[PDB]
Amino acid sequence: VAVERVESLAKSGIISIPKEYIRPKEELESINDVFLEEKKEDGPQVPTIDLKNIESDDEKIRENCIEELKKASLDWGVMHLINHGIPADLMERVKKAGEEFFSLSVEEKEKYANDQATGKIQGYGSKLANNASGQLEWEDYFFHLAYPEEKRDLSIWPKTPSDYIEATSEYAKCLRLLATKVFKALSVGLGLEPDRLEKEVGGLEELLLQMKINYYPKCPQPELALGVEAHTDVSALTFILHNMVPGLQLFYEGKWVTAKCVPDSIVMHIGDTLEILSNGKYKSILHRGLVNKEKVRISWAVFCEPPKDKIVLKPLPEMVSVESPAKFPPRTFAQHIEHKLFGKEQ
């Protein structure tokens, strides 16, 4: 087998992209210039949610915050979080370190190469074709478990820069605390006890935080390919950071909306796991990512997942009634992923 990285392809000189990266004719029609889309101020826009008072002593003020978070989650399922409590400089250090790692040569990064054939899913890689179509996406990435600390495999974490492990582990610790706050506000919104949702996804013991760094090289024909294909996140919650280069688009009310860059904010996605548990109340939105020919785009996504086999996911009893039948059958995290993959393959 040959090992092809998109970064190498982007530097091979080619002025035209391989056939494997061109989307189907029907899909190409919806792809435009990400820079112009970013400028449009008409139509629905991704909501910005302020979490300053999410845990305020003032009852009226606290409830107003919880209510705004609830509404955005029921409608969009995605949002720009501000006043989230995570130090701005810590985030700068995480991004700087990621940029230094991907700044190394491909040959150097290959020393961290993953190997799916033997179950080694953590490390440097690029998505391999997994079905008849043979479609490929314009991106490389690095994936690894970031929390709980005792479950980590530090041996595969970048050794360059020297502070990658230190900054990434502290950031992971901060996100874990923020997740607990979001889970409580969301529980209360559904009329459940404060600790209900986080408990159903594994609690402090079983809940996992996976880190995926997405690297999108410049593309010579940006309107024929996608950085990431259209999909919904299978996680409970997803927290993302980026390098102020536009690219994320959301499929809202039948149309692809382009997300704007909001300084010091953190994008949060409601994932399939919470959508299933709430029987469809909280939305797991369809989204994708565009590439361009002028700037390299990078993003840092942290997926909060429940144990893959230990828990059977299904609508909670309180969310199901004769008038509101279950919208999803019972399945584990692993079985859910397999079902989604089985869909496209078929």
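All residue numbers are counted from 1 along the displayed sequence.
- Looking at 94-102 and 238-246 together, the entry lists the larger mean B-factor for 238-246, computed on C-alpha atoms.
- Stretch comparison (201-209 versus 118-126) by mean CA B-factor in the PDB entry places 201-209 on top.
- Sorting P47, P306, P315, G43 by the CA temperature factor given in the entry leaves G43 at the top.
- Per the PDB record, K52 has a higher Cα B-factor than any other of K283, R288, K52, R297.
- Looking at the C-alpha B-factors along this chain, the one for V34 belongs to the highest third.
- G271: CA B factor lies in the lowest third for its chain, per the PDB record.
- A132: CA B factor lies in the highest third for its chain, per the PDB record.
- In the deposited entry, the Cα temperature factor of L277 sits in the bottom third of values across the chain's modelled residues.
- Per the deposited record, the Cα B-factor of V262 falls in the highest third when ranked against the other modelled residues of its chain.
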